[PDB]
There are 2 protein chains.
Amino acid sequence: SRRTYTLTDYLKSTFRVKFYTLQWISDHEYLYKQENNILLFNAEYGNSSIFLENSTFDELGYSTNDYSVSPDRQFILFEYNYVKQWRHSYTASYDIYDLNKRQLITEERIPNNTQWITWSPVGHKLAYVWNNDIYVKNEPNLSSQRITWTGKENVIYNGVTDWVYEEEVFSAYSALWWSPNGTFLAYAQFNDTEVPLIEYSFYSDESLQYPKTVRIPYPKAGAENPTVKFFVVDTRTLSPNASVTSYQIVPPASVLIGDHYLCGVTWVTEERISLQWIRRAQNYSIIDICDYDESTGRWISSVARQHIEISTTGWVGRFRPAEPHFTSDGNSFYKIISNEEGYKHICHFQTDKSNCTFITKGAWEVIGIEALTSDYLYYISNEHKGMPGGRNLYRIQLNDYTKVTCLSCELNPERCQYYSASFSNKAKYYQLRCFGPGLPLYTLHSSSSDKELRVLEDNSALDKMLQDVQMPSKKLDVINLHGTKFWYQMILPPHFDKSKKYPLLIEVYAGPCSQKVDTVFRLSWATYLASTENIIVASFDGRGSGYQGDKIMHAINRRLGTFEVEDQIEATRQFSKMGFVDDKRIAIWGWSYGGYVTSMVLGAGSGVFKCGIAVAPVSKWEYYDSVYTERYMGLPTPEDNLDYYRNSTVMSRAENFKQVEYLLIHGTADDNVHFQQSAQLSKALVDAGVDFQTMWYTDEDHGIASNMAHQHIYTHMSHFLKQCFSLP
Amino acid sequence: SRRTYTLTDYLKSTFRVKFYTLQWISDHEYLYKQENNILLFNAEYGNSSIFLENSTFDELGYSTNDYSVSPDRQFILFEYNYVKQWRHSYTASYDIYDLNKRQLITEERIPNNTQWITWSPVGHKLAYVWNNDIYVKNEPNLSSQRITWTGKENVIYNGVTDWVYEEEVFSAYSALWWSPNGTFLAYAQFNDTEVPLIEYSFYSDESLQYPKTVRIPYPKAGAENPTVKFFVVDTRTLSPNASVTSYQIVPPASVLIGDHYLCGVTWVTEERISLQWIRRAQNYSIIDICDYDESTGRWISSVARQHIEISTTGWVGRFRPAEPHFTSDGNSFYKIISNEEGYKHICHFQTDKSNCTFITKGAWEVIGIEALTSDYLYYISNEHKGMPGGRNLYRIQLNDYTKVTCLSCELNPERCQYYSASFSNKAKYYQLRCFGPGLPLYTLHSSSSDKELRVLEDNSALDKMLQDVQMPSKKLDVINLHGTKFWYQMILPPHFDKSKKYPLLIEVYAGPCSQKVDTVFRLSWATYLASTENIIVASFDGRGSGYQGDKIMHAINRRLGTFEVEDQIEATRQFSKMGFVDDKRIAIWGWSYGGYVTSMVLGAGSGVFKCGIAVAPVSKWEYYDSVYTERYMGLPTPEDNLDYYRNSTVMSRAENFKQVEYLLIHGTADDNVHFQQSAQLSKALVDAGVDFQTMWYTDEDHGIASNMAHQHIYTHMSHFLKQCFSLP
Ligand SMILES: *[C@@H]1O[C@H](CO)[C@@H](O[C@@H]2O[C@H](CO)[C@@H](O[C@@H]3O[C@H](CO)[C@@H](O)[C@H](O)[C@@H]3O)[C@H](O)[C@H]2NC(C)=O)[C@H](O)[C@H]1NC(C)=O
Ligand SMILES: *[C@@H]1O[C@H](CO)[C@@H](O[C@@H]2O[C@H](CO)[C@@H](O)[C@H](O)[C@H]2NC(C)=O)[C@H](O)[C@H]1NC(C)=O
Ligand SMILES: *[C@@H]1O[C@H](CO)[C@@H](O[C@@H]2O[C@H](CO)[C@@H](O)[C@H](O)[C@H]2NC(C)=O)[C@H](O)[C@H]1NC(C)=O
Ligand SMILES: *[C@@H]1O[C@H](CO)[C@@H](O[C@@H]2O[C@H](CO)[C@@H](O)[C@H](O)[C@H]2NC(C)=O)[C@H](O)[C@H]1NC(C)=O
Ligand SMILES: *[C@@H]1O[C@H](CO)[C@@H](O)[C@H](O)[C@H]1NC(C)=O
Ligand SMILES: *[C@@H]1O[C@H](CO)[C@@H](O)[C@H](O)[C@H]1NC(C)=O
Ligand SMILES: *[C@@H]1O[C@H](CO)[C@@H](O)[C@H](O)[C@H]1NC(C)=O
Ligand SMILES: *[C@@H]1O[C@H](CO)[C@@H](O)[C@H](O)[C@H]1NC(C)=O
Ligand SMILES: *[C@@H]1O[C@H](CO)[C@@H](O)[C@H](O)[C@H]1NC(C)=O
Ligand SMILES: *[C@@H]1O[C@H](CO)[C@@H](O)[C@H](O)[C@H]1NC(C)=O
Ligand SMILES: *[C@@H]1O[C@H](CO)[C@@H](O)[C@H](O)[C@H]1NC(C)=O
Ligand SMILES: *[C@@H]1O[C@H](CO)[C@@H](O)[C@H](O)[C@H]1NC(C)=O
C-alpha cells in the first residue's frame with residue numbers, strides 16, 4: 001500500500017463488488033445463475049441441481065440478458081435483443097423453450113420488438129404487449145389471441161405505461177396484472193391524445209445526414225394529462241371467433257370527479273381486486289376493493305370497501321401512496337400510512353371497515369412491508385439505533401403487536417446496518433442483502449428459527465484487494481439546524497492530517513423524500529476524490545428529506561427551492577467551521593434535483609461556495625412533468641401556486657452567479673429533464689453577463705450512462721474541481 | 001501611462017469608426033441621412049437641401065428601421081417591425097408616405113409580414129412578396145394586384161429565394177427584377193417539395209413551456225435540390241379582371257439536361273434580358289440573352305446569343321460566375337473570367353459572337369466591374385504594388401485598352417490602399433470609400449476632371465480618441481511555401497520589442513477564395529488581444545485563398561481540409577522561428593470555415609499548437625449545404641468524390657486532440673452550419689476519450705450576434721486564451 005483508489009479504478013470498475021441474485025419459485029426453492037447456467041438450489045439443505053445447463057445458450061441473435069421460468073416449470077422465457085427506451089421501458093425479443101421436450105418453440109413465436117411479456121401466476125399462459133396492443137397465448141406453441149385493437153404509437157397505450165406513468169406513477173413500464181389463478185388479465189389503457197409533445201433532436205450515428213426529431217407526449221406542469229381506463233379481461237372466453245369479455249372499473253365518485261391517476265393494482269383473490277386511485281392534486285387517494293359478480297361478470301365496488309387517505313400538509317405517501325398487503329382470505333390488509341405524529345407506520349384495516357389500527361409506532365418509520373403470513377408480518381424499518389439511514393428486517397406477531405423481533409440487527413452489527421430482503425413463497429425462507437457500511441454480504445436464512453443457514457456472497461475477494469489501497473473512511477453524524485437534528489456523512493481522505501485544511505465538496509440531491517445520508521457501501525466518484533485527490537466529500541439531509549416523518553419531509557411543500565436549499569448552505573457553513581476544512585475551497589455538485597439545488601445554492605449569494613457543477617438540472621418547475629411537479633407545487637396559476645413557481649427558478653438568481661465558477665452539464669437527448677431546462681438557464685446567465693462553463697453530451701439521456709460518456713463526464717468534472725481547488 | 005484598447009472597448013464599441021452612406025438618385029444628386037433628416041445633395045456644386053425633415057419620423061409612432069424613396073421622388077417607403085430571418089431575409093411592415101401632399105397612405109396599405117418590396121426603377125410602381133406570392137401596386141393608394149397563387153410555406157417561393165439560394169447563390173432574399181422602364185417584372189419561383197428538412201429546437205423566451213421545432217428545406221451534400229422556374233411578367237396588362245401575362249424562360253439545353261441553378265439576372269434593355277445559369281456541378285455556366293418578340297410576347301433565345309464559361313481546374317467564378325456588364329445598347333458586354341494564365345480579368349464580348357477580347361491582363365486580378373459608359377469602364381483590382389490584399393479604382397479607355405489610369409492609387413498612398421467605389425447615374429461622379437490601412441476616408445469626385453471635390457468623412461473624431469491609447473500595429477509581408485509567395489499579416493502589440501518572446505494567436509478562415517490578409521482598418525477582438533494582452537495575432541492566406549489566380553485558388557479543388565490546413569501549419573511553423581514568438585504559447589481560432597480549419601489543424605498532431613477555439617465549425621462536409629459543398633467537393637458518392645469526403649471530417653482526427661486544449665462553440669439555432677456538426681464532433685471526441693471544453697449558445701444563429709451573446713462569447717474566449725497562455 002502506497003497507492004490510492006483512482007479515477008480509472010472508479011471508471012473501469014477495477015474493484016468488483018459482487019452480489020447474489022436469485023428467483024424464488026416455491027416456498028423452499030430458488031433459481032440462480034452460476035457460470036452462465038441456471039441452477040436449482042434448495043434453501044433448506046443447499047443441494048443444488050442443474051435446471052438449465054449453460055452452453056444451452058447458443059447466443060441466439062445476441063446474448064440472453066434475462067430469463068423467466070413459467071410457474072409450472074414447464075417452460076422458460078429467454079430475453080435477448082434488449083433495446084432500451086426510458087428509465088424502465090425497453091423492447092426485446094423472446095424465445096420460449098420447452099423444459100419437458102427440451103425443445104425451442106419454433107412456431108407462433110413471440111414478435112420481435114415486444115414491449116412487455118409475463119407468465120400467468122400459475123400454469124404457463126403468456127400475456128404480452130406489441131405495438132401498444134395486448135396479446136394472450138394460452139400455450140407457447142399455440143397462436144396468440146389479440147386483446148386490444150386501439151394501440152397507436154404516441155397516442156394509445158394498452159398494457160404498458162406512457163412516459164409520465166412510467167417515470168412518475170408506476171416506476172415501471174408494465175400495466176398488465178394477471179389474477180392469482182390466471183382467470184382474469186387486468187390492464188390499463190393510457191390515452192395521450194391531448195398531451196403536448198416535447199420534441200428534441202437526436203443526432204444518431206455520424207453517418208445520419210439529417211438529425212431526427214424525437215417526439216414524446218409529455219405533460220409539463222399544468223398541461224393536459226393522459227387519461228386512464230382500467231379493464232379486467234375474462235380470459236376464459238378468448239377464442240378467435242369470440243369477442244373479448246371485459247369490464248371497465250372506474251374510480252370512486254370522489255376521484256372520478258376530476259383529473260386523476262391510477263396508482264396501484266393489487267389482486268386479492270381470484271374474485272377480488274384492489275385498485276388505488278389518486279386525484280391529480282395527489283393529496284387525496286382512495287383504495288377501491290371490487291368484487292366479481294359471477295352472474296353478470298361485473299366487478300362491483302361498495303362504499304364500505306373504500307378506504308380514503310389524505311394529506312392536509314403535503315402529498316400522500318413518499319412518492320405515491322403505499323400499497324395494501326392483503327391476508328390470504330382478503331378480509332383485511334396492512335398498509336403503511338402517516339401516524340398522528342407524522343411518522344409512517346403499519347396500520348391494520350378491515351376490508352369493509354373505515355377505521356384501522358396501527359401495529360407499529362415510534363419516532364422512526366417503516367420503509368415497506370415485505371411478507372405476510374397468517375401469523376407474522378415482515379417489514380423493513382430504520383428503527384435500529386435511531387438512525388434513519390439504516391435499514392433492518394423485523395417480524396411482528398399478528399395477534400400480539402408487543403411481539404416484534406429484529407431479524408437482522410445483530411447478525412453483523414458493525415459490517416451490516418442497511419438491509420433489504422427477499423422471501424420465498426410462504427415466507428418459509430428469506431435472503432438477506434446487506435449493503436453496508438461494510439462490504440456487501442448476502443446470506444440465506446430460514447424463518448423457522450432465523451438460523452443463519454449459509455453465506456451466498458461475502459465479497460472476500462474484494463476485501464482482499466482493498467486492504468492494499470488507501471481507502472477513505474466514511475463517517476455519519478448529526479448536526480442541529482433550527483432546533484432539529486439532521487444527519488450528514490463525510491468521506492474523509494486516508495491518513496487524514498488534522499493540521500491540514502482540506503477542500504470540501506458537497507454532493508447534494510435534496511429532492512422531496514430524498515436520502516443522501518445512509519450506511520450503504522459505495523465505490524464512487526467521491527471515493528476517488530477523497531482517496532486520490534484528498535478532497536473531503538460530504539452530504540446532508542435537511543428539510544424535505546425523507547424517512548424521518550412528515551414534519552421534516554413536508555416542510556418544502558409548495559415551496560421547492562427554499563428550505564432544502566437553505567439547509568444545504570447552513571449545514572455547509574457549520575462544516576466549514578471545522579479546522580480541517582479549507583473554507584476558501586468549498587464546492588457543491590449534484591445531478592437532476594441535485595443539479596437544481598446546486599444551482600440554487602450557487603445563486604444564493606451566500607459567499608460559502610467557490611464553485612459547483614450541476615448535471616441535468618431542473619431550472620424551472622413549469623418545464624418539468626405534471627405528476628412530480630404538481631405533487632409538490634400545486635398548479636402554476638395565480639389562483640394556486642404561480643407565485644412560488646416564479647421565484648424558484650434558477651434564472652431568477654442569475655446575477656449571483658457572477659460570484660462563483662459554474663459548470664453546467666446536460667445530455668441533449670434527456671427525455672426526463674429536458675435539455676431545454678439548461679438551454680434556458682444558460683441563456684439567462686448569458687443575458688445577465690455572467691461567465692460560466694458548459695458541456696453538452698450529444699445523444700445522452702438523463703443518465704449520461706453510455707460507457708464513453710460516463711467516463712468523459714467524471715473526467716471532465718474532476719478536472720473542473722481540481723482547477724477550482726488549485727490541485728495539481 | 002496610456003490606456004490600452006480593452007475587451008470592453010471592443011465589446012461596447014467605445015471607439016466609433018464613422019462612414020458615409022449615400023444613395024445616388026440621379027447623375028448628380030444623392031440622398032444622405034443626417035441627424036435623422038434625409039438630405040438631398042447636389043454633387044455639381046456641393047449644395048444641399050432637406051428632403052424629409054426628421055419631424056416626420058417623430059410623427060410615425062414607431063421605430064423606422066429603413067426607408068426607400070421612389071425613383072420619381074414622389075413617395076417614400078417606411079420600413080418598421082423588422083424581424084430577421086436568415087442572413088439576408090427578414091419580414092417587415094411598410095408605410096407609404098406621399099411626399100407631395102406630405103401625408104401617410106392609409107388605404108390599400110402594404111401587408112404586415114411582407115417578405116420583400118421594391119419600387120420599379122422609374123416612377124413609383126411597387127412589387128412585393130407576402131406569404132410567398134408576388135403582388136404589384138401601380139399606385140400607393142390603389143389596391144394591389146396578385147401575380148402568383150402558388151405560394152406555400154416551406155414549399156413554393158415566388159419572388160424570394162429559398163434557404164440555399166439566399167445563402168449560396170444570390171446572397172439576397174429578393175428574386176424579382178423590374179425591367180429598366182418598369183414594363184416587365186421578372187421573378188424566379190423556387191420549388192422545395194422534395195428537399196429534406198433540417199429540424200432543430202428553438203427555445204424562445206423563458207415563458208415558453210414547450211420548445212418549438214424549426215424546420216427548413218435545406219439540401220445537404222448530394223441531397224435533392226430545389227428546382228427553379230424563371231418568368232417575365234408583362235405588367236402593362238395587369239388589371240383586376242385580366243389574367244396575368246407571363247412567359248417562362250427555360251435554360252439552354254446544355255444545362256436543362258440535369259440539375260442546375262439560376263445564378264444571375266441582368267436586364268439589358270426593355271426588350272432584352274440576360275440570364276446566367278450553372279449546372280449543379282458548377283464548372284459549366286451559360287449566359288442566355290433573350291429578346292422580346294413584340295408580335296407574340298415571348299422571350300426568344302438563340303445559340304448565337306449564348307456564352308459558355310467553364311473551368312477545367314475547379315469551379316466557375318469566385319463564389320458564383322461573375323456578372324456581365326452590358327453596354328447601353330446591349331450589343332456587347334464586359335465580364336470577368338479566368339484568362340489563359342488562370343487570372344481573372346475583364347473580357348469584352350459581342351452579344352452575338354463567341355470569342356472575346358481581354359482588356360486587362362497581368363499577374364493580379366480584377367475584383368469587379370463598377371461602372372460603364374460609352375467611353376470608359378471603371379473597375380476595382382488589386383494590381384497596385386502587386387498586393388492581392390489592396391484594392392484600387394481604375395478607368396480604362398474603351399477605344400484603346402492600353403490607356404488605363406488608376407484613379408485612387410495616389411490619393412493617400414500611406415493611409416489608403418483598399419478602396420470600393422459608388423458611381424452616380426451615367427458615372428458622372430463617384431464616391432471613393434477608403435477602408436485602410438489608416439482610418440476610413442470617404443471622398444467625392446468628379447469623373448470629368450477627376451478632381452476630389454470634397455471629403456465626406458475623414459474620421460477626425462476617431463483619430464483624436466486613438467492618440468491617447470496604445471494601439472497595436474498591423475504589418476503585412478510575404479513568405480514562401482512550396483516555392484510560391486503567400487501573404488500574411490501580424491497585429492503587433494504596442495511597444496513591440498524585437499527581443500521579447502510573445503504568445504501567438506493564428507486567426508484563420510481559409511475557405512476557398514477567402515482573403516484574411518488585407519489592408520483594411522479594423523477595431524477587432526484581435527486589436528484588444530494585442531493592445532492589452534500582448535498577444536501577436538497573425539493570419540495567412542495559403543492555397544485555396546483567392547484573388548491570386550486560379551493555380552492558387554483551385555489548389556484545394558475536390559480536397560477541402562488538405563492544403564489550406566497544411567499551409568496554415570507551415571506558415572505558423574515559420575512564424576515560430578522568427579525569434580519573437582514564444583513557441584510554447586501558440587493558439588489558433590476561427591469561425592465557420594475557420595472553425596473547420598482550426599479543428600483540422602488541432603487534429604493534425606503537429607505539436608505546433610497548444611490550444612484552439614472553433615466557433616460554429618463545419619465538421620463533416622456531408623452535413624453542409626449542396627450548393628457550397630458540391631462546388632468544391634463534387635458529390636459524396638463512390639462514383640465521384642466520397643473518399644475525400646470521408647477523410648476530411650474533423651472526427652477522423654479525434655485521437656490527435658488528446659494533445660491539445662480545445663474549446664468548441666456553437667449556437668443552437670444555427671440554420672447555416674447546423675448545431676448537428678458540433679454535436680457529432682463532440683460525440684466523436686467523447687468516444688475517443690478526448691477531454692475538451694464546450695459552450696453552446698441558446699437560440700443564437702451562425703453569427704452568435706445578439707448583443708449579450710456577442711459580449712459573452714468574446715469574454716469566454718478571452719478567458720480561455722489567457723488561461724492557455726498563463727496570462728493573468
Ligand atoms: C433633427 O434634425 C436636427 C437638424 O435640423 C438635429 O439637430 C442637430 O442635432 C445634431 C446631433 O446632436 C447636432 O450636432 C452636434 O454638433 C456638435 C458640434 O458642436 C457635436 O459636438 C455633436 O457631436 C453633434 O454632432 C446639431 O448641432 C443639431 N443641429 C441643429 C440645427 O440644431 C436634431 O438632432 C434631429 N432630431 C433628432 C431627434 O434626430
Ligand atoms: C382518447 O381520448 C380522446 C380525447 O382526448 C378521444 O377522442 C374523442 O373521441 C370521441 C369519440 O370518437 C370524439 O367524439 C371526440 O371528438 C374526440 N375528442 C378529441 C379531442 O379528439 C379518443 O376517442 C380516445 N381514444 C380511446 C381509444 O379511448
Ligand atoms: C420566494 O418568495 C418567498 C416570499 O418572499 C420567500 O420566502 C421567504 O424567504 C425568506 C428568506 O429570505 C424568509 O425570511 C421568509 O420567512 C419567507 N417568507 C415566506 C412567505 O415564506 C422564498 O424563499 C422565495 N423562494 C425562493 C426560491 O427564493
Ligand atoms: C485524405 O487522404 C488522401 C490520400 O491519402 C490525402 O492525400 C495525400 O496527402 C498526403 C499528405 O499531404 C500527401 O503526402 C499525398 O501526396 C496525398 N495523396 C493524394 C492521393 O493526394 C489527403 O491529405 C487526406 N485528407 C485529409 C484531410 O487528411
Ligand atoms: C458451464 O459449467 C461448467 C461447470 O459445470 C463451467 O466449467 C463452464 O465454464 C460453464 N460454461 C460457461 C462458461 O458458460
Ligand atoms: C435435493 O435433494 C433431495 C433429497 O435429499 C431431492 O429430493 C431434491 O430433489 C434435491 N433438490 C435439488 C434442487 O437438488
Ligand atoms: C372459427 O372460425 C374459423 C374461420 O376460418 C373456422 O375455421 C372455425 O371452425 C371456427 N371455430 C369453430 C370450430 O367453431
Ligand atoms: C389538495 O390540494 C389542492 C390544491 O391543488 C387544494 O385545493 C385542496 O384543498 C387540497 N386538499 C387537502 C385535503 O389538503
Ligand atoms: C444648388 O444650386 C443650384 C443652382 O446653382 C440649384 O438649382 C439646386 O437646386 C441647388 N441644390 C440645393 C440642394 O440647394
Ligand atoms: C413542385 O415540384 C413538385 C415535385 O417535386 C411538383 O409535383 C409540383 O407540381 C411543383 N409545384 C409547382 C407549383 O410547380
Ligand atoms: C371587375 O369585375 C368585377 C365583377 O366581378 C367588377 O366589380 C369590377 O367593376 C370589374 N372591374 C373592371 C376592371 O371592369
Ligand atoms: C465538370 O465536373 C464534372 C463532374 O465533377 C466532370 O465530369 C467534368 O469533367 C468537369 N468538366 C470539366 C471541363 O472539367
# chains A, B, ... in the order shown; residues from 1 in each chain; ligands from 1
>>> residues_near_ligand(ligand="ligand 10", cutoff="10 Å", atoms="only C-alpha atoms and all ligand atoms", output="list in words")
residues 148, 149, 150, 151, 152, 155, 156, 157, 158, 189, 190, 191, 192, 193, 194, 195, 224, 225, 226, 227, 228 and 229 of chain B
>>> interface_residues(of="chain B", to="chain A", cutoff="6 Å", atoms="only C-alpha atoms", output="list in words")
residues 209, 679, 683, 687, 694, 695, 698 and 708 of chain B
>>> residues_near_ligand(ligand="ligand 1", cutoff="8 Å", atoms="only C-alpha atoms and all ligand atoms", output="ChimeraX atom specification")
/B:34-37,53-55,58
>>> residues_near_ligand(ligand="ligand 3", cutoff="10 Å", atoms="only C-alpha atoms and all ligand atoms", output="PyMOL selection string")
chain A and resi 559-566+600-601+603-604+643-650+652-653
>>> closest_residue(among="A:188, A:660, A:552, A:273", to="ligand 2", atoms="only C-alpha atoms and all ligand atoms")
A:188
>>> residues_near_ligand(ligand="ligand 8", cutoff="9 Å", atoms="only C-alpha atoms and all ligand atoms", output="VMD selection string")
chain A and resid 279 to 284 310 to 315 630 to 631 633 to 635 640 to 641
>>> select_by_dssp(residues="range 531-692 of chain A", states="alpha helix (DSSP H)", output="number ranges by chain")
A: 531, 550-553, 563-576, 593-602, 626-633, 642-646, 675-687
>>> residues_near_ligand(ligand="ligand 7", cutoff="12 Å", atoms="only C-alpha atoms and all ligand atoms", output="NGL selection string")
:A and (238-243)
>>> closest_residue(among="B:558, B:361, B:146, B:84", to="ligand 4", atoms="only C-alpha atoms and all ligand atoms")
B:558
>>> atom_distance(atom1="CA of residue 551 in chain B", atom2="CA of residue 588 in chain B")
26.3 Å
>>> residues_around(residues="residue 514 in chain B", least_positions_apart="3", cutoff="9 Å", atoms="only C-alpha atoms", output="NGL selection string")
:B and (509-511 or 541 or 544-547 or 553)
>>> closest_atom_pairs(of="chain B", to="ligand 9", cutoff="7 Å", atoms="only C-alpha atoms and all ligand atoms", output="tab-separated table")
residue	atom	partner	partner_atom_place_in_ligand_line	distance
B:40	CA	ligand 9	13 (C)	5.7
B:41	CA	ligand 9	13 (C)	5.4
B:42	CA	ligand 9	11 (N)	5.4
B:45	CA	ligand 9	1 (C)	6.1
B:47	CA	ligand 9	14 (O)	4.6
B:48	CA	ligand 9	13 (C)	3.5
B:49	CA	ligand 9	13 (C)	3.9
>>> write_last_selection(atoms="C-alpha atoms", output="PDB file, in the first residue's frame")
ATOM      1  CA  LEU B  40     -30.578  65.898 -50.925  1.00  0.00           C
ATOM      2  CA  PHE B  41     -27.055  66.735 -52.042  1.00  0.00           C
ATOM      3  CA  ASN B  42     -26.003  68.198 -55.349  1.00  0.00           C
ATOM      4  CA  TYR B  45     -21.960  72.421 -56.561  1.00  0.00           C
ATOM      5  CA  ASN B  47     -25.091  72.433 -52.054  1.00  0.00           C
ATOM      6  CA  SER B  48     -27.793  70.592 -50.136  1.00  0.00           C
ATOM      7  CA  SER B  49     -31.452  70.839 -49.125  1.00  0.00           C
TER       8      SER B  49
END
>>> residues_around(residues="residue 106 in chain B", least_positions_apart="4", cutoff="10 Å", atoms="only C-alpha atoms", output="short mmCIF file (atom, residue, chain, number, x, y, z; two decimals) with N, CA, C and O atoms, in the first residue's frame")
data_model
loop_
_atom_site.label_atom_id
_atom_site.label_comp_id
_atom_site.auth_asym_id
_atom_site.auth_seq_id
_atom_site.Cartn_x
_atom_site.Cartn_y
_atom_site.Cartn_z
N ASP B 95 -45.05 51.43 -44.60
CA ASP B 95 -45.99 52.52 -44.84
C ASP B 95 -45.50 53.25 -46.07
O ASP B 95 -44.30 53.27 -46.34
N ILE B 96 -46.42 53.85 -46.82
CA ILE B 96 -46.05 54.63 -47.99
C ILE B 96 -46.42 56.06 -47.61
O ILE B 96 -47.53 56.31 -47.16
N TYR B 97 -45.49 56.98 -47.77
CA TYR B 97 -45.70 58.37 -47.42
C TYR B 97 -45.67 59.20 -48.71
O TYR B 97 -44.73 59.10 -49.51
N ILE B 110 -49.61 48.23 -47.42
CA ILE B 110 -48.79 47.05 -47.66
C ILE B 110 -49.03 46.14 -46.46
O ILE B 110 -49.01 46.59 -45.31
N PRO B 140 -49.63 53.91 -54.93
CA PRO B 140 -49.62 53.73 -53.48
C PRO B 140 -51.01 53.67 -52.86
O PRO B 140 -51.22 52.96 -51.88
N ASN B 141 -51.96 54.41 -53.43
CA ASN B 141 -53.31 54.44 -52.88
C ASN B 141 -54.27 53.46 -53.55
O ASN B 141 -55.43 53.35 -53.16
#
>>> closest_residue(among="A:673, A:578, A:453, A:275", to="residue 616 in chain A", atoms="only C-alpha atoms")
A:673
>>> select_by_dssp(residues="range 17-143 of chain A", states="strand (DSSP E or B)", output="PyMOL selection string")
chain A and resi 22-24+29-34+37-42+49-52+66-69+75-84+90-98+103-104+114+116-119+126-130+133-137
>>> atom_distance(atom1="CA of residue 494 in chain A", atom2="CA of residue 4 in chain A")
8.8 Å
>>> residues_around(residues="residue 405 in chain A", least_positions_apart="6", cutoff="12 Å", atoms="only C-alpha atoms", output="PyMOL selection string")
chain A and resi 376-381+383-384+392-397+447+449-450
>>> decode(residues="range 639-650 of chain B", atoms="N, CA, C and O atoms", output="PDB file, in the first residue's frame")
ATOM      1  N   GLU B 639     -18.827   6.821 -56.952  1.00  0.00           N
ATOM      2  CA  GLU B 639     -18.562   7.143 -58.360  1.00  0.00           C
ATOM      3  C   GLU B 639     -17.877   8.506 -58.502  1.00  0.00           C
ATOM      4  O   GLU B 639     -17.265   8.796 -59.530  1.00  0.00           O
ATOM      5  N   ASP B 640     -17.985   9.353 -57.480  1.00  0.00           N
ATOM      6  CA  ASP B 640     -17.388  10.679 -57.582  1.00  0.00           C
ATOM      7  C   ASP B 640     -16.296  10.961 -56.558  1.00  0.00           C
ATOM      8  O   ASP B 640     -15.150  10.519 -56.722  1.00  0.00           O
ATOM      9  N   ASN B 641     -16.643  11.669 -55.481  1.00  0.00           N
ATOM     10  CA  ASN B 641     -15.633  12.059 -54.502  1.00  0.00           C
ATOM     11  C   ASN B 641     -15.817  11.581 -53.064  1.00  0.00           C
ATOM     12  O   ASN B 641     -15.224  12.155 -52.155  1.00  0.00           O
ATOM     13  N   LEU B 642     -16.597  10.526 -52.848  1.00  0.00           N
ATOM     14  CA  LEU B 642     -16.826  10.029 -51.484  1.00  0.00           C
ATOM     15  C   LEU B 642     -15.557   9.854 -50.642  1.00  0.00           C
ATOM     16  O   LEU B 642     -15.539  10.230 -49.459  1.00  0.00           O
ATOM     17  N   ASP B 643     -14.494   9.300 -51.231  1.00  0.00           N
ATOM     18  CA  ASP B 643     -13.251   9.095 -50.484  1.00  0.00           C
ATOM     19  C   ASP B 643     -12.677  10.337 -49.813  1.00  0.00           C
ATOM     20  O   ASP B 643     -12.176  10.249 -48.684  1.00  0.00           O
ATOM     21  N   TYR B 644     -12.719  11.480 -50.498  1.00  0.00           N
ATOM     22  CA  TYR B 644     -12.171  12.703 -49.913  1.00  0.00           C
ATOM     23  C   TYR B 644     -13.129  13.380 -48.945  1.00  0.00           C
ATOM     24  O   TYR B 644     -12.732  14.238 -48.137  1.00  0.00           O
ATOM     25  N   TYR B 645     -14.389  12.980 -49.028  1.00  0.00           N
ATOM     26  CA  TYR B 645     -15.400  13.466 -48.101  1.00  0.00           C
ATOM     27  C   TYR B 645     -15.111  12.712 -46.800  1.00  0.00           C
ATOM     28  O   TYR B 645     -15.085  13.296 -45.710  1.00  0.00           O
ATOM     29  N   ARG B 646     -14.890  11.406 -46.928  1.00  0.00           N
ATOM     30  CA  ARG B 646     -14.662  10.559 -45.764  1.00  0.00           C
ATOM     31  C   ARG B 646     -13.470  10.896 -44.901  1.00  0.00           C
ATOM     32  O   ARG B 646     -13.581  10.875 -43.684  1.00  0.00           O
ATOM     33  N   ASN B 647     -12.336  11.231 -45.504  1.00  0.00           N
ATOM     34  CA  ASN B 647     -11.176  11.536 -44.686  1.00  0.00           C
ATOM     35  C   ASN B 647     -10.902  13.010 -44.455  1.00  0.00           C
ATOM     36  O   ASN B 647      -9.791  13.375 -44.086  1.00  0.00           O
ATOM     37  N   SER B 648     -11.919  13.854 -44.657  1.00  0.00           N
ATOM     38  CA  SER B 648     -11.773  15.286 -44.412  1.00  0.00           C
ATOM     39  C   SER B 648     -12.690  15.745 -43.269  1.00  0.00           C
ATOM     40  O   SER B 648     -12.940  16.948 -43.097  1.00  0.00           O
ATOM     41  N   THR B 649     -13.186  14.789 -42.482  1.00  0.00           N
ATOM     42  CA  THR B 649     -14.039  15.136 -41.348  1.00  0.00           C
ATOM     43  C   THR B 649     -13.121  15.459 -40.194  1.00  0.00           C
ATOM     44  O   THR B 649     -11.981  14.970 -40.118  1.00  0.00           O
ATOM     45  N   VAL B 650     -13.603  16.293 -39.287  1.00  0.00           N
ATOM     46  CA  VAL B 650     -12.815  16.613 -38.109  1.00  0.00           C
ATOM     47  C   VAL B 650     -12.807  15.378 -37.220  1.00  0.00           C
ATOM     48  O   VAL B 650     -11.806  15.098 -36.563  1.00  0.00           O
TER      49      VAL B 650
END
